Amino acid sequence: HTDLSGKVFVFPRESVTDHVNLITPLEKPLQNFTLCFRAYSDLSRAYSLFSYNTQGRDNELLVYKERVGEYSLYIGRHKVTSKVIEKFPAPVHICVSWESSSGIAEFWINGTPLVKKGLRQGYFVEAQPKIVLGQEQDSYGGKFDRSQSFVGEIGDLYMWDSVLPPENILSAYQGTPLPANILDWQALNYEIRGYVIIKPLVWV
């Protein structure tokens, strides 16, 4: 595992090929979770930000940006969509949390709460995943789509197994995130495939 503090993945071109595979020791199905990251991209079209897929289950947990100012979370095939006023193009902090008990999805865009939505209440998101940046999975770790590929910069990725409160969300955005127990940027297990470069984060 690597300390990626002050660095970002750069997905420098539109492709069916460039991705980073995120390795996790998660053997337990997910009930609660929070996911945080920082994105910079000037893509007009729809792209995937974070693709989490299990065997036989496509789109198990997916953060997808369908268009400017519109953020989508997919749990177990089902989706929710929340809107927001945002400048284009701009760097963005994104935190999404979901909760099996309440079904509640919680988007935070730059430490600002989006409208809460709800999906898949009681659903247990399956374990032993394949997580990928830069590409949207249609298979277990494969079947990428070019017109869905991410091009731009991603960093400060943290993933917890619990619903973070507003303070802790604001902590991540302000630059001091609680040590995360599923995916931790400062101790990250990644695999680069194709054209992706690690560079200093300068748009912060």
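Note that residue numbering begins at 1 and tracks the sequence as displayed.
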Handout entry: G103 - which third its CA temperature factor falls in, relative to the rest of the chain
Key = middle
Exercise for the section: Can you work out whether the C-alpha temperature factor of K87 puts it in the lowest, middle or highest third of the chain? Expected result: highest
Exercise for the section: Check where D42 lands among this chain's C-alpha B-factors and tell me if it's the lowest, middle or highest third. Expected result: middle
Handout entry: Among modelled residues of the same chain, the CA temperature factor third for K7
Key = lowest
Exercise for the section: Report the third (lowest, middle or highest) to which the CA temperature factor of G155 belongs, ranking only the modelled residues of the same chain. Expected result: highest
